[PDB]
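Let me begin by presenting the structure, written as structure tokens, before commenting on it.
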Amino acid sequence: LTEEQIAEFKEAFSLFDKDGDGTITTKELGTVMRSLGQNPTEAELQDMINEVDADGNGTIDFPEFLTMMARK
Amino acid sequence: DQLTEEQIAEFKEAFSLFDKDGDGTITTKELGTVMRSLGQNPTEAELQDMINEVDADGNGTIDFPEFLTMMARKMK
Ligand SMILES: [Mn+2]
Ligand SMILES: [Mn+2]
Ligand SMILES: [Mn+2]
Ligand SMILES: [Mn+2]
Ligand SMILES: [Mn+2]
Ligand SMILES: [Mn+2]
Ligand SMILES: [Zn+2]
Ligand SMILES: [Zn+2]
Ligand SMILES: [Zn+2]
Ligand SMILES: [Zn+2]
Numbered sequence: 001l002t003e004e005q006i007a008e009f010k011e012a013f014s015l016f017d018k019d020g021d022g023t024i025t026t027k028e029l030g031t032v033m034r035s036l037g038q039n040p041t042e043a044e045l046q047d048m049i050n051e052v053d054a055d056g057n058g059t060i061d062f063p064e065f066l067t068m069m070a071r072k
Numbered sequence: 001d002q003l004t005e006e007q008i009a010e011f012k013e014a015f016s017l018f019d020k021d022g023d024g025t026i027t028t029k030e031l032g033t034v035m036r037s038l039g040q041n042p043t044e045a046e047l048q049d050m051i052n053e054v055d056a057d058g059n060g061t062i063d064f065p066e067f068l069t070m071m072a073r074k075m076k
């Protein structure tokens, strides 16, 4: 929501994009969220995942991550 | 099956295609590209696993011995 939050989301997302392609895997998402000091359950995570991952390929880009976080 | 000289030579050649400063290290961000340069096409899940295996210290950089032994394990 704020510029602070956006920059922090961006840094965490990038920190865990291990293959450096601008996306993170669904597995990396839980870690990214814990790195932001949040604690989603698997149930929470998986719906989030199902919502962001439109093309259903197991990865999500930053715009998708960002808007998911905004809705929460 | 123990590695052949041809296999080791090709893994080395591919690794070193992406070590332009010639210090024997590449980044994990390049591992996928190395694999594709060998004609392979690891899925997002396979590459996640390989990156985990080869960068055990997580500093984001990989050397040839660690890359090679990963390939030997992965061998068909
Ligand atoms: Mn990625
Ligand atoms: Mn996707
Ligand atoms: Mn390079
Ligand atoms: Mn270097
Ligand atoms: Mn190097
Ligand atoms: Mn390393
Ligand atoms: Zn939902
Ligand atoms: Zn997208
Ligand atoms: Zn990826
Ligand atoms: Zn080493």
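The listed protein sequences derive, respectively, from chains A and B. Per this note's numbering, the very first residue in the first sequence carries number 1; after that it's consecutive. Per this note's numbering, the very first residue in the second sequence carries number 1; after that it's consecutive. Just so you know, even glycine gets a beta-carbon here, dropped at the ideal spot from N, CA and C.
Check for me: the alpha helix (DSSP H) holding residue i runs from which residue to which?
| i | result |
| --- | --- |
| residue 49/B | 44 to 54 |
| residue 69/B | 64 to 74 |
| residue 2/A | No alpha helix (DSSP H) holds residue 2/A; DSSP gives it neither H nor E. |
| residue 28/B | It is not in any alpha helix (DSSP H) - residue 28/B carries neither H nor E in the DSSP assignment. |
Label residue i either buried or exposed according to how many other C-beta atoms from any shown protein chain fall within 10 Å of its C-beta, with 16 as the threshold for buried.
| i | result |
| --- | --- |
| residue 51/A | exposed |
| residue 13/B | exposed |
| residue 55/B | buried |
| residue 75/B | exposed |
| residue 55/A | exposed |
| residue 20/B | exposed |
| residue 37/A | exposed |
| residue 22/B | exposed |
| residue 15/A | exposed |
Hey, is residue i close to ligand 3, as in C-beta under 7 Å from one of its heavy atoms?
| i | result |
| --- | --- |
| residue 20/B | yes |
Using 7 Å as the cut-off, classify the Cβ of residue i as near or not near the heavy atoms of ligand 9, replying yes or no.
| i | result |
| --- | --- |
| residue 21/A | yes |
| residue 13/B | no |
At a cut-off of 7 Å, would you count residue i as near ligand 6, judging by its Cβ distance to the nearest heavy atom?
| i | result |
| --- | --- |
| residue 49/B | no |
Could you tell me whether any non-hydrogen atom of ligand 5 is closer than 7 Å to the CB of residue i?
| i | result |
| --- | --- |
| residue 8/B | no |
Any chance the CB of residue i is under 7 Å from a heavy atom of ligand 8?
| i | result |
| --- | --- |
| residue 53/A | no |
Tell me whether residue i, by its Cβ, gets closer than 7 Å to a heavy atom of ligand 2.
| i | result |
| --- | --- |
| residue 59/A | yes |
Taking 7 Å as the cut-off, is the CB of residue i close to at least one heavy atom of ligand 7?
| i | result |
| --- | --- |
| residue 39/A | no |
Report task. Take every Cβ of the segment 4 to 13 of chain B, pair it with every Cβ of the segment 34 to 53 of chain A, and state whether three or more of those distances are shorter than 8 Å. Result -> no
Requested in this report: Determine contact between the segment 11 to 31 of chain B and the segment 60 to 75 of chain B, defined as no fewer than three beta-carbon pairs at a distance below 8 Å.
Outcome: yes
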